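Written out below as structure tokens is the structure these notes cover.
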Amino acid sequence: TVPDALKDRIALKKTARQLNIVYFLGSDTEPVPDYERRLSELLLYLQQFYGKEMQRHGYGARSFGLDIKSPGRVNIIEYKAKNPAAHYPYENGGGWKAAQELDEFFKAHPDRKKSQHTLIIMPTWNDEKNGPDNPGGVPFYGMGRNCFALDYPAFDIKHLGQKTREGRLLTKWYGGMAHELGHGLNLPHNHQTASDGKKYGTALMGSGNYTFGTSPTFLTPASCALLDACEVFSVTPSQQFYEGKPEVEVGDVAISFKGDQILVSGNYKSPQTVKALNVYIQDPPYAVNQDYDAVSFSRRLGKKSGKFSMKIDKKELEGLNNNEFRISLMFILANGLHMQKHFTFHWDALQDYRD
Ligand SMILES: *[C@H]1O[C@H](CO)[C@H](O)[C@H](O[C@@H]2O[C@H](CO)[C@H](O)[C@H](O)[C@H]2O)[C@H]1NC(C)=O
Ligand SMILES: [Zn+2]
Ligand SMILES: [Zn+2]
């Protein structure tokens, strides 16, 4: 009743809001056997992974909330859809269709909604391409505060780390679920620093979907700073999330280059508390699936207005190899919204930036 991988687990702070878990079934789709137990186990270990990383970065034993209905069992919403599986494929807006339909279900059942974040899980298609040994066919990506992942018969934590085909399949699809969940929890892509790579392995939001459960995987300081401001990590029930717009005035921005150091400073002002500053440094190009290389850094602010100052060591920018690079400054607000300002430089014509 408790798998070995969960015998080592920490007590977590109760949260104000919980991630919804939906097991989403096409009108013609059969559940994968034993999914309540298998998925509860995988989700609780996932909750442990995020909570231990939050703790290791100084936030205490905080993870995303889950609605737990009895020991070791997540209260998973089993949703029978209006249409057959074919109507919600990986391609062509299948994920938007499922997610819009679940909105109707949550309007019709507000008691089942515990936050604005949902992980929708669909059983693998079984056809000439996909099946138990090669799952796929369904949405598998982040979509706003929602994210999509899949289930298949060997999707079972007992295979975690085993040097077998089931174990390798698990790291692929469990790492996959972990990464897409990161997106649903307001995480962008980021790459580990050089020192963090040697200490802790692969950033989950970089290439960690290939490593989770097999070699060391972790959450960066910047990832944890965003989770710190994510609705389902809240231990503060008075705090409302995602309403309105990010309002931050950033002024007196300076970025200067001195020897090996990158100096970043400025001031900020917001009607909300500004929790933190994340900095992303990356090579071009800069699109949303071309930023696995953005090496991130983070600093605690914690005021509605003030100054920020930060020295970044150039030698930590592991993997960057372009003459051209971009520094992004990300201001994270207490209600989970954020704003970004971007700056482009060239290493062979490095120009300090002012104003
Ligand atoms: C990214 O890695 C994932 C595992 O970590 C996974 O392989 C994903 O691939 C998609 O999986 C979907 C599951 O329904 C579909 O089968 C889809 O066709 C397939 O590409 C990987 N993404 C990409 C873009 O390859
Ligand atoms: Zn991604
Ligand atoms: Zn890039």
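Basis: the model, the stated rules and, where named, an outside source; none is laboratory data. Here the Cβ positions follow ideal geometry from the backbone for every residue, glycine too, while neighbour counts run over all protein chains shown.
I'd like to check something: does region 56-74 contain any residue that is within 20 Å of the chain's Cα centre (by Cα), surrounded by 12 or more Cβ atoms within 10 Å (Cβ to Cβ) and in a helix (DSSP H, G or I)?
So far as region 56-74 goes, yes, one or more of its residues are within 20 Å of the chain's Cα centre (by Cα), surrounded by 12 or more Cβ atoms within 10 Å (Cβ to Cβ) and in a helix (DSSP H, G or I).
So is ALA178 in the same structural domain as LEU150 (by TED's automatic domain parsing), in contact with a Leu (Cβ under 9 Å, 6 or more places away or on another chain) and more than 16 Å from ligand 3 (Cβ to nearest atom) or not?
yes
Out of the residues in region 143-167 meeting the condition of being within 16 Å of ligand 2 (Cβ to nearest atom) and buried (at least 20 other Cβ atoms within 10 Å of the Cβ), tell me which one is nearest to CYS230 (Cα to Cα).
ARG145
May I ask you to verify whether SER270 is among the small types (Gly, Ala, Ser) and within 21 Å of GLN192 (Cα to Cα)?
Criteria not met by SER270.
Just one of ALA334, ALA349, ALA294, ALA276 is without any contact (Cβ under 8 Å) to a residue 40 or more places away in the chain and of a type in the set (A, V, I, L, M); which is it?
Answer to the selection: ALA349.
As an exercise: evaluate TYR200 against (1) more than 20 Å from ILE157 (Cβ to Cβ); (2) in contact with a strand residue (DSSP E or B) (Cβ under 7 Å, 6 or more places away or on another chain); (3) buried (at least 23 other Cβ atoms within 10 Å of the Cβ) and give the number of the one condition it does not meet.
(3)
In the set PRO285, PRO237, which member is more than 21 Å from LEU337 (Cβ to Cβ) and surrounded by fewer than 12 Cβ atoms within 10 Å (Cβ to Cβ)?
On inspection, the qualifying residue turns out to be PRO285.
Taking the residues in region 301-320 that are more than 22 Å from the chain's Cα centre (by Cα) and among the acidic types (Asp, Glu) as candidates, determine which candidate is farthest from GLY259 (Cα to Cα).
Within region 301-320, the match that is farthest from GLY259 (Cα to Cα) is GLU316.
Restricting region 266-302 to residues that are within 24 Å of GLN239 (Cβ to Cβ) and of a type in the set (A, V, I, L, M, F, W, C), which is nearest to ligand 1 (Cβ to nearest atom)?
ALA276
Report yes if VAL253 is aliphatic (A, V, I, L, M) and in a loop (DSSP other than H, G, I, E, B), otherwise no.
No.
Please go through (1) in contact with a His (Cβ under 7 Å, 6 or more places away or on another chain); (2) more than 16 Å from ligand 1 (Cβ to nearest atom) for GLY184 and return the number of the only condition it doesn't satisfy.
(2)
Considering only residues that are within 16 Å of ligand 2 (Cβ to nearest atom) and outside any loop (DSSP other than H, G, I, E, B), which ones fall in region 277-290?
The answer is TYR280, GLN282.
Please indicate, with yes or no, whether at least one residue in region 139-157 is among the β-branched types (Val, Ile, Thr) and free of Cβ contacts under 8 Å to residues at least 40 places away in the same chain.
no
Which members of region 291-337 meet the condition of being closer than 21 Å to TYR242 by Cβ and not in a strand (DSSP E or B)?
Listed by number, the residues that qualify are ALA334, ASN335, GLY336, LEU337.
Kindly indicate the residue of region 298-322 that is of a type outside the set (S, T, N, Q) and within 16 Å of ligand 3 (Cβ to nearest atom) and also surrounded by the most Cβ atoms within 10 Å (Cβ to Cβ) among those meeting that condition.
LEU317
Could we say that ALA222 is crowded, with 19+ Cβ neighbours inside 10 Å, within 14 Å of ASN278 (Cα to Cα), of a type in the set (A, V, I, L, M, F, W, C) and within 16 Å of ligand 3 (Cβ to nearest atom) here?
yes
Which condition number does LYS269 fail, the rest of (1) in a strand (DSSP E or B); (2) among the charged types (D, E, K, R); (3) in contact (Cβ under 8 Å) with a residue 40 or more places away in the chain being met?
Status for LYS269: all satisfied but (3).
For region 214-259, enumerate the residues that are in contact (Cβ under 8 Å) with a residue 60 or more places away in the chain and under 30 Å from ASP348 (Cβ atoms).
Passing the criteria: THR220, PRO221, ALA222, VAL250, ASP252, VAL253, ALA254, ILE255, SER256, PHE257.
Take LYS82 and decide whether it is touching an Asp or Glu at 6+ places or on another chain (Cβ under 8 Å), loosely packed, with under 15 Cβ neighbours inside 10 Å and more than 22 Å from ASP34 (Cβ to Cβ).
yes
Residues being within 17 Å of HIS346 (Cα to Cα) and free of Cβ contacts under 8 Å to residues at least 40 places away in the same chain: count how many of those fall in region 297-318.
Summing the residues that are within 17 Å of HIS346 (Cα to Cα) and free of Cβ contacts under 8 Å to residues at least 40 places away in the same chain in region 297-318 gives 0.
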